[PDB]
Amino acid sequence: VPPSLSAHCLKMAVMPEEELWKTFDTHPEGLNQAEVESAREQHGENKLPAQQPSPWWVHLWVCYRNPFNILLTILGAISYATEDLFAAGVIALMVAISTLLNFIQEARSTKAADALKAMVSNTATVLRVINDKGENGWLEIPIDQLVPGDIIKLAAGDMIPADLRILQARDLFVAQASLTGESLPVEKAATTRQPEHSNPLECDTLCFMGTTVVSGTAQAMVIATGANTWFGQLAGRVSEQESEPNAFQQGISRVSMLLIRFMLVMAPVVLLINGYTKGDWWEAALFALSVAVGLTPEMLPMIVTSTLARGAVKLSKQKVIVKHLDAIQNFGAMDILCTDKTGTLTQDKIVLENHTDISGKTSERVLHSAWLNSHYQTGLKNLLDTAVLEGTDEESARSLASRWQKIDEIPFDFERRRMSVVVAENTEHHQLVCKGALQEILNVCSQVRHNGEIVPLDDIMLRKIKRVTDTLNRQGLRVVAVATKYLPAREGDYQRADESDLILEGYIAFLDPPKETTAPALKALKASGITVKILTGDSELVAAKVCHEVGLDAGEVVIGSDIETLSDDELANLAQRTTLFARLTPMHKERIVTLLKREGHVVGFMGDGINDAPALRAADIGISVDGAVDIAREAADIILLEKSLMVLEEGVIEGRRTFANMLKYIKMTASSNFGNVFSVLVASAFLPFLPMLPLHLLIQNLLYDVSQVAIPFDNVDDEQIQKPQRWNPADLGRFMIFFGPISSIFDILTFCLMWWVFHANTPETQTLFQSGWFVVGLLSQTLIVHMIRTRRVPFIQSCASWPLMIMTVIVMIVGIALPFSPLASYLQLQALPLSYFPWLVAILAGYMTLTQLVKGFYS
Ligand SMILES: [Mg+2]
C-alpha cells in the first residue's frame with residue numbers, strides 16, 4: 001500500500017459532501033451520457049469483467065502435474081534407458097492418452113467452473129439519464145462502466161463495485177473481512193461518526209471495492225475506478241485460478257500415492273536382496289524396474305473415468321442430468337439431504353379450504369370480500385388467485401362482477417408482503433381490498449368486523465386471532481387474511497400508504513396436499529442411509545404438520561430466530577440432532593449447510609428458488625431443477641428434470657452403483673498387482689535371472705486393464721450400494737495386504753514348477769520360465785475378478801454381467817494364444833510345451849478355490 005494513496009481516501013472521507021459534487025464533476029440528479037463518456041475518457045475505465053485466459057500450452061502443464069503421470073513418465077524414461085524401446089513407447093502412449101483425457105475433462109470443468117466469481121453478470125445500480133432529458137432513473141450497468149463521480153445505490157447482497165463515499169445510508173452494514181480482516185460487519189453512515197481520523201480502511205463513510213453489503217440500503221458516490229481502487233488489481237487471476245482440483249482427480253492421485261508409497265519401500269528392498277546375493281547390480285536395477293512397474297496400473301485413469309462417464313450417461317436416462325463427472329462421486333457418498341418442503345414433500349398444487357372469519361365461523365361474506373381482490377387484479381397471474389376464483393360460485397361471481405368495477409391496484413411487493421385492489425360500485429365511494437400474510441394484515445388494520453359488527457381491534461382480539469390462526473396452521477392450513485376499507489372517491493392514484501386503518505373482514509385458508517409418491521420416497525431415503533432435513537422458510541407449525549403426513553419425524557422444531565444467536569460450533573451440534581428448520585433466511589440456509597459440512601458428511605442441498613442459489617454453491621452437491629431460475633441452474637451440480645424424491649432416490653442408487661464399480665476395480669487391480677510384486681520380491685534372490693521382465697509385466701497389466709474396460713458394465717451386489725460409499729486408502733491397503741500373498745503363493749508354485757519340472761533353471765533358457773509365468777499371471781489376474789468381486793458365493797449366489805464375463809474370455813484367449821503367434825518374437829516370449837496346460841489349469845483352479853475360501857476372513 002502506498003502512503004500517498006492512504007491519504008486521499010482519508011481526505012475524501014473527511015471532506016464535506018457539499019464540495020464533493022464539484023470536485024468529481026457530479027450532479028445530484030446523476031451523470032448524462034456526455035458527462036459519463038468524458039469521465040471515462042479522462043479518468044479511465046473501471047475493472048473490466050474480462051480476465052487473463054489460460055493458454056493452451058500452459059493448461060497442458062497443469063494437466064500433467066498429477067503424480068500418476070509423473071510416475072509413468074519416470075518409468076517410461078527408465079525403460080528407454082535400459083534398452084527397451086517398446087515398453088517405453090507403450091508407456092508414452094498411455095500417458096499421452098491420459099493427458100488428452102484429462103485435458104478434455106478439465107476443459108469441461110473450466111466450462112462448469114470458470115472462476116470463483118463470474119464478475120460478468122454482476123452489475124451496478126446507477127442513476128444516469130434514461131430519457132436523456134433529465135428524467136433519469138435506475139439502470140443496471142456493468143461495474144466496468146462505473147466512472148468516478150457516479151451516484152450509485154447500494155442494497156443487501158450487492159458487492160461494492162468500486163470505492164465509494166457514503167452520501168446517504170440507512171442501517172448499512174458491510175463485511176470488510178477481506179480488507180480489514182474482521183468478520184464482523186462495520187456499520188456505514190452518511191456522515192463520518194468515527195472520532196479518530198487517519199484510518200482510511202476503518203473509515204465509516206468510505207466503502208472500498210471487493211466488499212459486499214450484508215444488510216440495509218444506501219446511496220453512495222463513486223470516488224475511484226480502475227487502478228485507483230485501494231484493492232489494486234483485484235483481477236490478476238492469470239495463473240493458478242483453479243488451485244483446488246476435482247475430488248475425482250484427487251481420488252486418483254491418492255490411489256496412485258498409495259502405490260508409489262509401496263514402490264518406495266519395496267523396490268529398494270528387492271534391489272538389496274537381489275544385488276547383494278548375486279552382485280550383478282545392473283540386473284539388480286533391472287529387478288527394481290520390474291517391481292516398480294509390477295504395481296502401476298497403466299489405464300487406471302482411463303478405467304476410472306470410463307466408469308464415471310458411464311454413470312453420468314446412464315443417469316441421463318433417469319431424469320438426472322449431471323453437469324460434472326466429479327458430481328457423481330459426491331452424489332453416491334451423500335448422506336444428508338437438505339430440501340425445502342414446497343415441491344418435494346408437498347405437491348405445488350394449492351387447493352383452497354375454508355372461509356373463516358376472525359371468530360372462526362364459516363362465513364361466506366369473507367368469500368365475497370376475497371373474490372373481488374383476486375378478480376379485479378391486473379398483475380401477474382397468480383395460482384392462488386385462480387384457486388380463490390374457482391372457490392366461489394358462478395352466479396355470485398357474475399353478480400359481483402356486474403356490481404363492482406376496478407379502479408386501482410397496488411402491486412405486490414416484498415417490503416409489505418401484500419397487494420391491494422381498489423374497486424368501486426359507484427362514483428361516490430371507493431372500496432380498497434388488500435390480502436397478504438396475516439401479520440402484515442394486522443399491522444395495517446385498526447378495526448375488524450366481529451360477527452358483522454365493527455369493533456375496535458384491541459389486544460384481546462389480537463390474541464384470539466393469533467390463537468385461531470395458530471389452530472389453522474397446526475391443521476396445516478396456509479392462512480391469508482383479507483382486509484377492506486371504504487374511502488371517498490378521488491382522482492388520485494392509491495399508493496402503499498393508503499393501506500392504513502383497514503378493516504379485516506376475515507381470513508382465507510389454503511392447503512398443499514403432500515405428494516402421493518413422497519411417502520415411500522422418504523421411507524426409502526432413510527433405507528439408503530440418507531438423513532432428510534427440511535430447511536423451510538414457512539411457518540414452523542405448517543412445516544411440522546407437513547412432516548407428519550409424509551412420515552418424517554419432526555420431533556422438536558428449530559426456529560430461524562434461535563439460530564441467529566448461536567455460534568458456529570453450537571449451531572452445528574444442534575443441526576446434527578435436529579431434522580426441521582423453519583423461518584429461515586437464505587443466509588441461514590447457507591450457514592446451516594456449511595456447519596453440517598464440518599463433521600465429514602457429504603451434505604446436498606436441493607432448491608429451485610431465486611435466492612436459493614448460494615445454498616447450492618455452499619453444499620458438497622447442489623441439486624436444482626431444469627424448470628428453475630437460470631442462475632440457480634448455473635450454480636447447481638445436478639439438474640434433475642423434475643422435482644420428485646423418487647427420481648432423486650433412484651439417482652442416488654445409481655450413483656452408488658457407479659462408485660461401487662469404480663472402487664471395486666481399484667481394489668482388484670491393487671491387490672493383484674501387489675501379489676505379483678510380492679512374488680517377484682520373494683523369488684528375486686533365488687532366481688539367477690529375472691522372474692518376468694518389465695516388458696512382460698507391462699503387457700500383462702495392459703491386457704488385464706483391457707479386460708478391466710468392461711468393469712463399468714458390471715452388476716453391483718445390493719450389499720455394496722446399501723450405504724454411503726466411502727473412499728479411504730486405509731481399507732485399500734489392508735485389502736492389498738490380505739489378497740496379495742494368496743496370489744504370491746501360487747506364483748511361487750509356478751516358479752517351482754518351471755524351475756524343476758521344465759528344467760528352465762539356466763539363464764540361457766530364461767525365456768521359457770519368463771514366458772511361462774506370464775501366461776499364468778495374466779490368466780489368474782483376470783480370473784480372480786469373479787471370485788473377489790462379490791462377498792457372496794462366486795457363481796451360484798452372485799454372477800457377473802455379460803460384458804465382464806466376455807472380455808475375461810477374450811483376454812484369456814489372447815493371453816494363452818499370445819506365445820503361439822508371430823508377436824512372441826518381439827515380446828521375448830516363446831511357445832510352451834503342451835505339458836504346461838494341465839498344470840496351468842490345476843494352478844488356476846486351486847487359486848480360485850483357495851481365494852474363495854479365505855475370502856470369508858475379511859471380517
Ligand atoms: Mg498374480
# chains A, B, ... in the order shown; residues from 1 in each chain; ligands from 1

call {"tool": "residues_around", "arguments": {"residues": "stretch 416-433 of chain A", "least_positions_apart": "3", "cutoff": "10 Å", "atoms": "only C-alpha atoms", "output": "PyMOL selection string"}}
result
chain A and resi 369-379+400-413+436-441+443-444+482-490+493-496+498-499+502-505

call {"tool": "residues_around", "arguments": {"residues": "stretch 670-684 of chain A", "least_positions_apart": "3", "cutoff": "7 Å", "atoms": "only C-alpha atoms", "output": "list in words"}}
result
residues 270, 274, 291, 294, 295, 666, 667, 687, 691, 735, 736, 739, 740, 741, 743, 744, 747, 748 and 781 of chain A

call {"tool": "closest_residue", "arguments": {"among": "A:114, A:705, A:29, A:620", "to": "residue A:337", "atoms": "only C-alpha atoms"}}
result
A:620

call {"tool": "select_by_dssp", "arguments": {"residues": "stretch 568-669 of chain A", "states": "strand (DSSP E or B)", "output": "MDAnalysis selection string"}}
result
chainID A and resid 580:582 603:606 621:625 638:640

call {"tool": "write_last_selection", "arguments": {"atoms": "N, CA and C atoms", "output": "CSV table (one decimal), in the first residue's frame"}}
result
chain,number,residue,atom,x,y,z
A,580,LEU,N,-35.8,-30.4,11.3
A,580,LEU,CA,-36.5,-29.4,10.6
A,580,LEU,C,-36.1,-28.0,11.1
A,581,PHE,N,-35.9,-27.1,10.1
A,581,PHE,CA,-35.5,-25.8,10.4
A,581,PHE,C,-36.5,-24.9,9.7
A,582,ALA,N,-37.1,-24.0,10.4
A,582,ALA,CA,-38.2,-23.1,9.9
A,582,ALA,C,-37.9,-21.7,10.2
A,603,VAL,N,-23.1,-33.3,2.4
A,603,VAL,CA,-24.4,-32.7,2.5
A,603,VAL,C,-24.8,-32.1,1.2
A,604,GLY,N,-26.0,-32.5,0.7
A,604,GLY,CA,-26.5,-31.9,-0.6
A,604,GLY,C,-27.7,-31.1,-0.3
A,605,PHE,N,-27.8,-29.9,-1.0
A,605,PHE,CA,-29.0,-29.0,-0.9
A,605,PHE,C,-29.8,-29.0,-2.2
A,606,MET,N,-31.1,-29.1,-2.0
A,606,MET,CA,-32.0,-29.1,-3.2
A,606,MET,C,-32.8,-27.9,-3.1
A,621,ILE,N,-22.8,-30.8,-2.9
A,621,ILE,CA,-23.5,-31.1,-4.1
A,621,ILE,C,-24.8,-30.3,-4.2
A,622,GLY,N,-25.0,-29.5,-5.2
A,622,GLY,CA,-26.2,-28.7,-5.3
A,622,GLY,C,-27.1,-29.2,-6.3
A,623,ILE,N,-28.3,-29.7,-5.9
A,623,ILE,CA,-29.3,-30.2,-6.8
A,623,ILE,C,-30.4,-29.2,-7.1
A,624,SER,N,-30.6,-28.9,-8.4
A,624,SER,CA,-31.6,-28.0,-8.8
A,624,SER,C,-32.4,-28.6,-9.9
A,625,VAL,N,-33.3,-27.9,-10.5
A,625,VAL,CA,-34.3,-28.4,-11.5
A,625,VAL,C,-34.3,-27.6,-12.7
A,638,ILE,N,-26.2,-30.9,-10.0
A,638,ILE,CA,-27.0,-31.9,-10.7
A,638,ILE,C,-28.4,-31.2,-11.0
A,639,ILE,N,-28.8,-31.1,-12.2
A,639,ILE,CA,-30.1,-30.5,-12.6
A,639,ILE,C,-31.0,-31.7,-13.0
A,640,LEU,N,-31.7,-32.2,-12.1
A,640,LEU,CA,-32.7,-33.3,-12.4
A,640,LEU,C,-33.9,-32.6,-13.1

call {"tool": "closest_residue", "arguments": {"among": "A:534, A:663, A:104, A:709", "to": "residue A:338", "atoms": "only C-alpha atoms"}}
result
A:534

call {"tool": "closest_residue", "arguments": {"among": "A:773, A:507, A:839, A:61", "to": "ligand 1", "atoms": "only C-alpha atoms and all ligand atoms"}}
result
A:773

call {"tool": "residues_around", "arguments": {"residues": "stretch 135-139 of chain A", "least_positions_apart": "3", "cutoff": "9 Å", "atoms": "only C-alpha atoms", "output": "list in words"}}
result
residues 29, 30, 31, 32, 124, 125, 126, 127, 128, 129, 130, 131 and 132 of chain A

call {"tool": "select_by_dssp", "arguments": {"residues": "stretch 342-591 of chain A", "states": "helix (DSSP H, G or I)", "output": "PyMOL selection string"}}
result
chain A and resi 365-375+383-391+394-403+438-443+459-475+496-498+518-527+540-550+560-565+568-576+586-591

call {"tool": "atom_distance", "arguments": {"atom1": "atom CA of residue A:168", "atom2": "atom CA of residue A:190"}}
result
4.5 Å

call {"tool": "atom_distance", "arguments": {"atom1": "atom CA of residue A:64", "atom2": "atom CA of residue A:90"}}
result
17.6 Å

call {"tool": "residues_around", "arguments": {"residues": "residue A:290", "least_positions_apart": "4", "cutoff": "8 Å", "atoms": "only C-alpha atoms", "output": "tab-separated table (two decimals) with N, CA and C atoms, in the first residue's frame"}}
result
chain	number	residue	atom	x	y	z
A	286	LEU	N	17.55	-53.75	-12.83
A	286	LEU	CA	16.50	-54.28	-13.69
A	286	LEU	C	15.40	-54.97	-12.89
A	294	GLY	N	5.63	-53.46	-11.74
A	294	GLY	CA	4.68	-54.51	-11.44
A	294	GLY	C	3.37	-53.99	-10.89
A	692	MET	N	10.09	-62.24	-14.34
A	692	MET	CA	9.43	-61.75	-15.54
A	692	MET	C	10.02	-60.37	-15.84
A	693	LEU	N	10.28	-60.06	-17.10
A	693	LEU	CA	10.87	-58.78	-17.48
A	693	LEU	C	9.85	-57.66	-17.43
A	694	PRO	N	10.30	-56.39	-17.39
A	694	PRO	CA	9.31	-55.32	-17.38
A	694	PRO	C	8.42	-55.37	-18.61
A	697	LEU	N	5.81	-57.74	-17.72
A	697	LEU	CA	4.86	-57.22	-16.74
A	697	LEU	C	3.98	-56.12	-17.31
